[PDB]
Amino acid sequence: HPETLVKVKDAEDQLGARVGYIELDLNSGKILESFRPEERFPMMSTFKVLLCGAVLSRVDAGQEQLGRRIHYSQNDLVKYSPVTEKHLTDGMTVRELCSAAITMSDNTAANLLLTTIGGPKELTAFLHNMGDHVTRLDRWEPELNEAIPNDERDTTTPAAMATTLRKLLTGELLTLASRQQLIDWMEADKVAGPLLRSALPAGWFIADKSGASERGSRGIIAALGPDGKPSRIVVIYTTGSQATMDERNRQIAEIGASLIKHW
């Protein structure tokens, strides 16, 4: 809706950054709204959804088991590993790693999962094989969050990320069970409260994944809709600014509020 585009442009001003935005119909895939859809932005933690999508794909093909238990050591722990740092002794299952990576944005979990599929190259290969010739992952956590301007490593496109998320959640790419597990993990997202969620009214469904950089970049992918069911995909990315974390979030929230109001 035009009033949302106005809010996006207003966000660029308040942020002093570029903002990528796109709304996709969950069922038809039709584009409902967009801004800088073809421009690249660093994915940051939003890639974790794609990662578990790839893990679930292997599970569907009999090449991985959500129940496999993985052991690791102190040397595997990177910054911000709220769950994994609590299991150096007993380890964690692939299932638990995806939960930690998506719902808590655990970085070590993301790396451990990257290791199971063969690293960044493989995630990109996976995306490539399903039709996404745009999105790409090149590095591990935490380096993938550098967000050096114009650097195309670990980046995606609002349009690419949107269509990819949609194929992951509704196509036949993943089995019914995997499709359902992925969205359940996103719906249980615990660290995106001040973003789209703070503008989502009671009764609405939302499954999302957010990301942030040290330079101020911010991102979020989500499937949301009224009446307890998702009916739309929304992708938002920003190029980084010096605005306070609270100010950055507020802008995302206001975009969401406009998205809801003119649903």
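Counting begins at 1, following the sequence as shown.
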If you average the CA temperature factors as listed in the entry, which stretch comes out higher, 209-217 or 46-54?
209-217
Give the stretch, out of 127-135 and 108-116, with the larger mean C-alpha temperature factor in the deposited entry.
127-135
From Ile102, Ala159, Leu165, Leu174, residue of greatest CA B-factor:
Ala159
Between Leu169, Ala188, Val94, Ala192, which carries the biggest CA temperature factor in the record?
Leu169
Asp60 - Cα temperature factor, lowest/middle/highest third of chain
middle
Sorting the chain's modelled residues by C-alpha B-factor and splitting them into thirds places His1 in the highest
For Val83, the third of its chain into which the C-alpha B factor falls
middle
Going by the recorded CA B-factors, say which third of the chain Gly29 sits in, lowest, middle or highest.
highest
Chain thirds of CA B-factor: placement of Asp246
highest
